[PDB]
Structure formats: C-alpha cells, structure tokens
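Beneath this line is the structure, given in structure tokens, with notes to follow.
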Amino acid sequence: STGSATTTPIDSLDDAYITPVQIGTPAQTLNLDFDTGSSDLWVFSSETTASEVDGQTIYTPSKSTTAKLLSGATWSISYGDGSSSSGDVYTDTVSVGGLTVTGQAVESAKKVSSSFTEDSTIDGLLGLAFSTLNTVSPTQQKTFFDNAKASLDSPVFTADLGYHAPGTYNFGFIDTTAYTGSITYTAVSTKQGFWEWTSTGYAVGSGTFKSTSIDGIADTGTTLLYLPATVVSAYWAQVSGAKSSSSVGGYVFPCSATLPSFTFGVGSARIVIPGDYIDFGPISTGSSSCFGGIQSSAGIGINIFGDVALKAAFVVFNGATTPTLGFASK
C-alpha cells in the first residue's frame with residue numbers, strides 16, 4: 001500500500017504545516033501537524049476542557065463505530081516551546097492520503113496548554129519519530145508509520161514541504177518526479193528516539209563551505225533551523241544590522257535586508273536554503289525589525305533541522321531495519 005496527502009502552511013510565515021487525517025467511522029477529518037520530532041498522535045476531542053477549545057475541529061469517539069477506549073491508558077507530553085497536552089486513549093481507524101491503519105492509538109486530549117488553544121488551525125499532532133518516544137502509559141503505543149510499515153510497498157515516508165505553498169507527505173514510495181538530481185542518504189542514530197543525523201558542514205551565501213560535523217534532528221514539527229552559536233553568528237554577521245536580542249529571544253534583522261542563503265551538507269551533497277526562507281517577518285505587527293529563521297541551539301541541547309531547512313529539500317525518512325535519511329534538492 002501507499003498514501004499521499006497534501007500538507008499546507010497554517011499561515012503566511014510557514015509557522016507550521018497541517019495535513020488532513022481521517023479518524024473513525026464514519027470518517028472525522030482533522031487537520032494535524034505531522035511531527036517527525038515526536039511520537040504521539042493526539043487530537044482535540046469531545047473530552048477536551050471546553051474553555052481550552054477555540055475553533056479547532058474535534059474528534060468525538062462516541063460517534064465512531066470503530067472507536068474503542070484503550071482501558072487504563074493515559075498520555076502526557078511536552079514540546080520544545082513549553083507547550084503541553086494530556087488525556088486518555090482510544091484505538092480507531094486512521095487514514096492518511098488513502099493509507100489506512102486499523103487499531104491506531106488516537107490520544108484524546110483532556111487538557112491542552114494555551115499555545116494549542118490559541119492556534120485554531122491545528123487540531124492535533126501526528127508523531128513520526130520512533131515509537132520509543134511515545135508517551136502512552138502503562139502500555140506504550142506505536143506511531144502511524146510504525147503500524148503502517150509492514151503494509152507499505154517500501155518502509156519509507158517522505159516530506160516535501162513548500163515555501164509559502166502546499167507540499168506533500170508520501171507513505172510507502174519515493175516520487176522520483178518530486179526532486180532534482182539524486183537523493184543522498186546519510187546514517188541515522190535512533191538512540192534518542194529521533195531521526196538524528198550528522199550534517200557535514202555549512203556555507204553562508206556564496207562563501208566557502210566549512211567542513212564540520214553538526215549532529216542534529218530532522219524535525220518537521222519545529223519551525224526554524226537551530227544550529228550551534230558559532231554557525232549562527234557567522235550567518236548573521238553577513239546581514240547588516242542583525243543582532244541577537246535577549247528581549248525578543250533570538251536574532252533579529254532589519255526588515256529592509258536581503259538575506260543570504262545558507263547551505264548545509266549531507267555527505268558530499270549540498271542543500272541550499274534561499275535567503276527568503278530565513279525571513280520570519282516583523283517581530284510584532286508594524287515593526288521594521290524581523291525575526292530570523294536561523295537561531296542558536298545553545299541551551300536547547302540539540303541542533304534541530306526544522307522546517308526552514310527541510311522545506312529546501314525532498315526528504316526521505318527510511319524506516320528500514322537500519323533507518324537512514326535521504327535529502328535531495330528540488
């Protein structure tokens with residue numbers, strides 16, 4: 001089997017991407033944030049504290065003839081921005097782009113933090129990291145990909161995120177028309193539960209490439225690119241007026257600037273992030289100070305190849321017995 005679904009930016013800045021997901025019988029379609037940095041599929045639901053729902057579409061398990069309470073199971077998760085959610089668990093039928101999994105754990109939110117409430121466009125998350133990170137207790141549950149894997153034509157999914165435009169998540173096949181040149185594959189460590197890999201270096205604009213190992217995660221659920229302070233300083237030093245602002249919480253730059261590109265290495269290959277991808281717009285409405293899309297990972301504890309980087313590539317998440325990651329230009 002295979003599946004193919006369009007993923008769409010939630011706003012004009014590509015702050016996140018949503019993908020329609022069918023849950024239950026009859027289908028209830030929710031728009032979920034596909035997140036290769038976590039491993040829980042959770043949804044706003046009829047059980048979510050009413051004051052914490054503001055415009056989201058909810059899953060109502062009592063209206064699904066295939067929903068079954070997973071007795072005794074609870075979940076609770078925190079995210080990189082300090083947002084969180086928790087609740088109980090059902091199993092139900094879940095389909096993404098024509099690909100169906102029966103008995104998928106669907107984690108129903110009883111509580112969500114302010115950040116989720118305030119974002120009316122995201123009805124929940126669909127985790128695509130390794131199932132070892134799944135938070136369901138006392139019996140850990142498998143991700144949608146993990147459940148689908150054996151049925152897929154090939155044990156892979158691909159992320160093709162757009163810049164200010166829709167893109168695609170495919171399951172079970174590699175669309176050879178979706179990228180240019182060849183796909184370069186690179187080793188993955190699953191020891192921390194993430195799609196963790198090592199970039200071979202970077203360049204700023206038309207500058208020379210610096211060969212240096214940068215360990216980080218391929219994370220569709222993170223908006224920006226978080227890299228070591230040395231790398232980030234080198235980038236922003238090429239933008240007149242750019243500075244790190246503690247009050248704003250990162251590098252900012254004059255909105256009148258033309259940003260240089262940023263290149264990252266994948267083995268001997270190179271992915272070029274155009275400068276425009278690094279502009280996240282005014283820090284507040286009407287400001288002429290703009291937020292940068294490359295930020296320091298210092299004090300995160302890990303480097304994160306988020307949407308800013310991933311949207312410059314066609315990315316293969318290869319879930320073979322020994323997982324790997326593939327990157328192609330597009």
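Please note that chains go A, B, ... in the order of the structure tokens, that every chain numbers its residues from 1, and that ligands are numbered from 1 in the order shown.
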Selection near residue 313 in chain A, 8 Å with only C-alpha atoms, sequence-local residues under 6 positions removed, as a PyMOL selection string: chain A and resi 160-161+179+271+327-330
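Between residue 129 in chain A and the residues A:188, A:105, A:283, A:96, the shortest atom-to-atom distance, using only C-alpha atoms, involves A:188.
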Sorted per-residue table, range 116-159 of chain A near range 69-78 of chain A, closest atoms and distance, 12 Å, only C-alpha atoms, as JSON lines:
```
{"residue": "A:116", "atom": "CA", "partner": "A:78", "partner_atom": "CA", "distance": 11.7}
{"residue": "A:125", "atom": "CA", "partner": "A:77", "partner_atom": "CA", "distance": 11.1}
{"residue": "A:127", "atom": "CA", "partner": "A:77", "partner_atom": "CA", "distance": 11.5}
{"residue": "A:133", "atom": "CA", "partner": "A:77", "partner_atom": "CA", "distance": 10.0}
{"residue": "A:134", "atom": "CA", "partner": "A:75", "partner_atom": "CA", "distance": 8.6}
{"residue": "A:135", "atom": "CA", "partner": "A:75", "partner_atom": "CA", "distance": 5.4}
{"residue": "A:136", "atom": "CA", "partner": "A:75", "partner_atom": "CA", "distance": 4.5}
{"residue": "A:137", "atom": "CA", "partner": "A:74", "partner_atom": "CA", "distance": 5.5}
{"residue": "A:138", "atom": "CA", "partner": "A:73", "partner_atom": "CA", "distance": 6.2}
{"residue": "A:139", "atom": "CA", "partner": "A:73", "partner_atom": "CA", "distance": 7.1}
{"residue": "A:140", "atom": "CA", "partner": "A:73", "partner_atom": "CA", "distance": 8.9}
{"residue": "A:141", "atom": "CA", "partner": "A:73", "partner_atom": "CA", "distance": 9.8}
```
Taking the backbone alone, and naming residues the way the document does, which bits of range 67-297 of chain A are strand (DSSP E or B) by DSSP, as number ranges by chain? A: 68-78, 84-96, 99-112, 124-127, 137, 156-160, 167-171, 184-187, 189, 196-204, 210-218, 225-227, 243-245, 250-254, 262-266, 269-273, 279-282, 289-292, 294-296
Got a sec: who's within 7 Å of range 193-204 of chain A, counting only C-alpha atoms, leaving out chain neighbours fewer than 3 positions off, as an NGL selection string? :A and (37 or 129-130 or 132-133 or 187-190 or 207-218 or 235 or 260-267)
Take the residues from that selection and put them in a file with C-alpha atoms, as a PDB file, in the first residue's frame.
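In the end it all went to part26.pdb:
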```pdb
ATOM      1  CA  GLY A  37      10.243  15.049  16.355  1.00  0.00           C
ATOM      2  CA  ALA A 129       9.627   9.915  15.310  1.00  0.00           C
ATOM      3  CA  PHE A 130      10.419   6.459  16.700  1.00  0.00           C
ATOM      4  CA  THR A 132      10.204   4.545  21.753  1.00  0.00           C
ATOM      5  CA  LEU A 133       9.268   8.193  22.439  1.00  0.00           C
ATOM      6  CA  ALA A 187      23.215   7.493   8.691  1.00  0.00           C
ATOM      7  CA  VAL A 188      20.665   7.833  11.476  1.00  0.00           C
ATOM      8  CA  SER A 189      21.019   7.216  15.183  1.00  0.00           C
ATOM      9  CA  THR A 190      17.764   6.158  16.844  1.00  0.00           C
ATOM     10  CA  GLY A 207      31.075  31.798   0.910  1.00  0.00           C
ATOM     11  CA  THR A 208      33.325  28.777   1.098  1.00  0.00           C
ATOM     12  CA  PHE A 209      31.995  25.584   2.620  1.00  0.00           C
ATOM     13  CA  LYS A 210      33.147  24.794   6.150  1.00  0.00           C
ATOM     14  CA  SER A 211      33.566  21.082   6.734  1.00  0.00           C
ATOM     15  CA  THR A 212      32.387  20.394  10.258  1.00  0.00           C
ATOM     16  CA  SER A 213      30.171  17.723  11.807  1.00  0.00           C
ATOM     17  CA  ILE A 214      26.824  19.023  13.044  1.00  0.00           C
ATOM     18  CA  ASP A 215      24.698  16.419  14.855  1.00  0.00           C
ATOM     19  CA  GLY A 216      21.013  17.231  14.771  1.00  0.00           C
ATOM     20  CA  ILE A 217      17.469  16.020  14.236  1.00  0.00           C
ATOM     21  CA  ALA A 218      15.255  16.183  11.170  1.00  0.00           C
ATOM     22  CA  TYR A 235      25.439  33.635   9.264  1.00  0.00           C
ATOM     23  CA  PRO A 260      21.989  35.462   2.142  1.00  0.00           C
ATOM     24  CA  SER A 261      21.334  31.796   1.507  1.00  0.00           C
ATOM     25  CA  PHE A 262      22.519  29.080   3.883  1.00  0.00           C
ATOM     26  CA  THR A 263      23.909  25.787   2.662  1.00  0.00           C
ATOM     27  CA  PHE A 264      24.093  22.596   4.721  1.00  0.00           C
ATOM     28  CA  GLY A 265      25.995  19.429   3.860  1.00  0.00           C
ATOM     29  CA  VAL A 266      24.566  15.948   3.513  1.00  0.00           C
ATOM     30  CA  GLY A 267      27.563  13.740   2.891  1.00  0.00           C
TER      31      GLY A 267
END
```
Write out as a PDB file with N, CA and C atoms, in the first residue's frame the residues lying within 10 Å of residue 233 in chain A, counting only C-alpha atoms and excluding same-chain residues fewer than 2 positions away.
```
ATOM      1  N   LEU A 227      21.011  25.852  15.210  1.00  0.00           N
ATOM      2  CA  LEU A 227      22.366  25.370  14.949  1.00  0.00           C
ATOM      3  C   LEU A 227      23.322  25.942  15.985  1.00  0.00           C
ATOM      4  N   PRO A 228      24.561  25.426  16.052  1.00  0.00           N
ATOM      5  CA  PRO A 228      25.475  25.932  17.086  1.00  0.00           C
ATOM      6  C   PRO A 228      25.705  27.439  16.973  1.00  0.00           C
ATOM      7  N   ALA A 229      25.960  28.076  18.107  1.00  0.00           N
ATOM      8  CA  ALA A 229      26.138  29.517  18.167  1.00  0.00           C
ATOM      9  C   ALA A 229      27.201  30.034  17.207  1.00  0.00           C
ATOM     10  N   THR A 230      28.292  29.291  17.041  1.00  0.00           N
ATOM     11  CA  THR A 230      29.352  29.707  16.115  1.00  0.00           C
ATOM     12  C   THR A 230      28.829  29.835  14.677  1.00  0.00           C
ATOM     13  N   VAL A 231      28.047  28.849  14.254  1.00  0.00           N
ATOM     14  CA  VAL A 231      27.490  28.811  12.901  1.00  0.00           C
ATOM     15  C   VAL A 231      26.501  29.951  12.706  1.00  0.00           C
ATOM     16  N   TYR A 235      26.506  33.283  10.186  1.00  0.00           N
ATOM     17  CA  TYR A 235      25.439  33.635   9.264  1.00  0.00           C
ATOM     18  C   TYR A 235      25.011  35.098   9.433  1.00  0.00           C
ATOM     19  N   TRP A 236      24.638  35.483  10.648  1.00  0.00           N
ATOM     20  CA  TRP A 236      24.031  36.787  10.858  1.00  0.00           C
ATOM     21  C   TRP A 236      25.040  37.923  10.732  1.00  0.00           C
ATOM     22  N   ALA A 237      26.327  37.605  10.854  1.00  0.00           N
ATOM     23  CA  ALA A 237      27.373  38.596  10.615  1.00  0.00           C
ATOM     24  C   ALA A 237      27.365  39.094   9.172  1.00  0.00           C
ATOM     25  N   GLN A 238      26.710  38.363   8.275  1.00  0.00           N
ATOM     26  CA  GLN A 238      26.628  38.783   6.873  1.00  0.00           C
ATOM     27  C   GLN A 238      25.386  39.626   6.555  1.00  0.00           C
ATOM     28  N   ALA A 242      21.919  43.078  11.769  1.00  0.00           N
ATOM     29  CA  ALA A 242      21.422  41.929  12.522  1.00  0.00           C
ATOM     30  C   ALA A 242      22.074  41.853  13.894  1.00  0.00           C
ATOM     31  N   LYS A 243      21.297  41.409  14.867  1.00  0.00           N
ATOM     32  CA  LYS A 243      21.797  41.281  16.227  1.00  0.00           C
ATOM     33  C   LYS A 243      20.987  40.245  16.975  1.00  0.00           C
ATOM     34  N   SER A 244      21.570  39.686  18.024  1.00  0.00           N
ATOM     35  CA  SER A 244      20.838  38.812  18.913  1.00  0.00           C
ATOM     36  C   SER A 244      20.210  39.677  19.992  1.00  0.00           C
ATOM     37  N   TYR A 251      17.993  36.115  17.223  1.00  0.00           N
ATOM     38  CA  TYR A 251      18.468  37.027  16.202  1.00  0.00           C
ATOM     39  C   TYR A 251      17.320  37.692  15.465  1.00  0.00           C
ATOM     40  N   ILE A 294      17.112  31.310  11.289  1.00  0.00           N
ATOM     41  CA  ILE A 294      18.253  30.559  11.808  1.00  0.00           C
ATOM     42  C   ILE A 294      18.573  31.109  13.185  1.00  0.00           C
ATOM     43  N   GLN A 295      18.556  30.227  14.178  1.00  0.00           N
ATOM     44  CA  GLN A 295      18.727  30.640  15.556  1.00  0.00           C
ATOM     45  C   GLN A 295      19.700  29.690  16.250  1.00  0.00           C
ATOM     46  N   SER A 296      20.245  30.130  17.374  1.00  0.00           N
ATOM     47  CA  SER A 296      21.165  29.307  18.139  1.00  0.00           C
ATOM     48  C   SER A 296      20.465  28.170  18.869  1.00  0.00           C
TER      49      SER A 296
END
```
Would you please extract all alpha helix (DSSP H) residues from range 28-138 of chain A, as assigned by DSSP on the backbone, and give them as JSON, numbers by chain? {"A": [114, 115, 116, 117, 118]}
Selection near residue 282 in chain A, 10 Å with only C-alpha atoms, sequence-local residues under 3 positions removed, as a PyMOL selection string: chain A and resi 252-255+279+285-292
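Between CA of residue 9 in chain A and CA of residue 40 in chain A the separation is 20.8 Å.
Take the candidates A:6, A:38, A:13, A:317 and check each one against residue 281 in chain A using only C-alpha atoms; the shortest distance goes to A:13.
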Compare A:39, A:22, A:30, A:315 by their minimum atom-to-atom distance to residue 182 in chain A, counting only C-alpha atoms, and give me the closest one.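 Residue with the minimum atom-to-atom distance to residue 182 in chain A: A:315.
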Distance CA of residue 92 in chain A-CA of residue 25 in chain A, one decimal place?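 Interatomic distance, CA of residue 92 in chain A to CA of residue 25 in chain A: 8.3 Å.
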Looking at only C-alpha atoms, which of A:62, A:85, A:51, A:186 is the one that sits closest to residue 323 in chain A?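 That would be A:186, the residue with the smallest distance to residue 323 in chain A.
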One decimal, Å: what's the distance from CA of residue 319 in chain A over to CA of residue 222 in chain A, could you say?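 Rounded to one decimal, the two atoms are 20.7 Å apart.
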Using only C-alpha atoms, which residues sit within 9 Å of residue 259 in chain A once same-chain residues fewer than 5 positions away are excluded, as JSON, numbers by chain? {"A": [205, 236, 238, 239, 274, 275, 276, 277, 278, 279]}
